[PDB]
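**Student:** Any chance you can model this:
(chains A and B)
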Amino acid sequence: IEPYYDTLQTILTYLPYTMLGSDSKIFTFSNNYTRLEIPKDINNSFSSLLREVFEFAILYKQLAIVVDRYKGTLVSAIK
Amino acid sequence: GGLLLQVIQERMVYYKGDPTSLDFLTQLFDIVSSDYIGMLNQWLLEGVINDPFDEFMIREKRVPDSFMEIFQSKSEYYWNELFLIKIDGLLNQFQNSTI
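**Tutor:** Residues are numbered from 1 along each chain as shown, chains lettered A, B, ... in the order given. Okay, here it is:
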C-alpha cells in the first residue's frame, strides 16, 4: 500500500513531547493552550484518530496550568 | 534578625492545607526557633541573658562607666529602667501586656 497511500513512525517521534503539554515541530498550541493545530500531510483518517488522542494532551495542559497557577495563592484550606 | 519567624509564619498561611509543604515548613520553623527557646528558657529559669547579638526581646543594657557611681546609689532606676522589652522581635504569642 505504501506507493498508493501518502501521509507523514514519525508521528510517534514527536508525540511524547506533545502529550506532556509542550510545543512540537509538527504540533503547535495556540490561544493560551486552548486549541491544537493538526498540520498538513496528515490525511483524514489519521487526523480523525489523533483528535481523540489529543484530548488527553489539551486536558492535561489545562490541569497543569491550573496547578502551576494556584499552587500557593489560594488561602482556603479546602481548595 | 528575629524577623525570620514572621516571614515563615506569613509564608505558612498559604500552604496551610498542603500536607507535605506544611510539614516541611513546620519542621523548619521548629529547628530554626530552637535558639530563641534556649534564650527564653535560660531567662525564665536562671535570670541570665547570654547571647550578645541583642537578638533576645528582654534587652538588658550596660550602665555607662561615667554614671557607675550614680546608678549604684540609686539601684531603683537600674532595676526599673535598664531592662526593656524589644517590641520589634516579639511574636504574636507574647503580644500581650500581662505576659
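
**Student:** switch to C-alpha atoms for all contacts and neighbour counts from now on
**Tutor:** Will do.

**Student:** Spit out the contact partners of the spatially closest residue to residue B:21 that is not a sequence neighbour.
**Tutor:** Spatial nearest neighbour of residue B:21, excluding adjacent residues (CA to CA, 6 or more residues apart in numbering or on different chains): residue B:15 at 6.3 Å. Each residue near residue B:15 by CA atoms under 8 Å, 6 or more residues apart in numbering or on different chains is listed here: A:72, A:75, B:21, B:22.

**Student:** Residue A:76 now?
**Tutor:** By CA under 8 Å, 6+ apart, the contact list for residue A:76 reads residue B:17.

**Student:** Correct me if wrong, but the residue nearest to residue B:21 is in a helix.
**Tutor:** No: going by DSSP: H, G, I helix; E, B strand; the rest coil, the assignment for residue B:15 is coil, not a helix.

**Student:** Is there a quick ChimeraX command that grabs whichever of the contacts of residue B:15 are buried?
**Tutor:** To isolate the buried ones among those in ChimeraX, judged by 16 or more other CA atoms under 10 Å in any protein chain shown, type:
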select /A:72 /B:22
